[PDB]
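So this first bit is one chain, no partners, the form deposited in one PDB entry, shown in structure tokens.
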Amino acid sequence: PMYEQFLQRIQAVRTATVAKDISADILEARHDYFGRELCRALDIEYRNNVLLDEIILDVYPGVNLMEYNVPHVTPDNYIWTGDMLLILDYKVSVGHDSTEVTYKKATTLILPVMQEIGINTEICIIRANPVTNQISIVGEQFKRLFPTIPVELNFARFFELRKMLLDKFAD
């Protein structure tokens, strides 16, 4: 259905301006596909994106939430071991640039308020290279809890949809 919905939009599109919205949605679905598969292999609960406020309340329900300035920020997921909060962001990319951008933003926006509240937090980004299927991890505590990441990844359907868009608008 995913693939067919995209195929129908790709068939229908006429302008590059509208096509870019299809390209962006295909990129997000590829991201979501990695997330679901990564959480399956890691045997953690899949969440699409959770607000920081909701993470704080799930870990520390007694927080005096209104005493703090919680930025509106939606990391893809999180792991609460019992002692450490692992903020988890997924990336699918052949470069690391977007990983670095998200890392910095998650660092300036999340870690300050977690420090005041007293929650030990780490930013973690897991990146799949869609061409090579190699997994890159950033986050030291995450690497010690999962040195084995048994993902079974196939991005070809996403590559096909985007190739179709590249072919239609190769002007």
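Just count from 1 along the sequence shown to find any residue number.
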Self-check item: Segment of higher mean CA temperature factor, 143 to 151 or 156 to 164
Solution: 143 to 151
Quiz item: Comparing 28 to 36 with 43 to 51, where is the mean C-alpha B-factor higher?
Solution: 43 to 51
Practice problem: Within this chain's modelled residues, let me know which third the CA B factor of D89 belongs to: lowest, middle or highest. | Solution: lowest
Quiz item: What third of its chain's C-alpha B-factors does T74 belong to: lowest, middle or highest?
Solution: middle
Self-check item: Relative C-alpha B-factor of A16, binned into the chain's lowest, middle or highest third
Solution: highest
Quiz item: If you rank the chain by CA B-factor, which third does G62 end up in: lowest, middle or highest?
Solution: highest
Quiz item: Lowest, middle or highest third: where is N120 by C-alpha B factor in its chain?
Solution: highest
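There is another form of the same protein, the form deposited with a small molecule bound; it is not shown, and what comes next is about it.
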Quiz item: Any of the heavy atoms of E28 lying within 4.5 Å of the small molecule in the bound PDB entry?
Solution: yes
Quiz item: Should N49 be counted as a contact of the small molecule in the bound PDB entry, where contact means heavy atoms within 4.5 Å?
Solution: yes
Quiz item: Heavy atoms within 4.5 Å of the small molecule in the bound PDB entry: does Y78 have any?
Solution: no
Practice problem: Spot the stretch among 65 to 73, 112 to 120, 35 to 43, 132 to 140 with residues whose non-hydrogen atoms come within 4.5 Å of the small molecule in the bound PDB entry. | Solution: 65 to 73
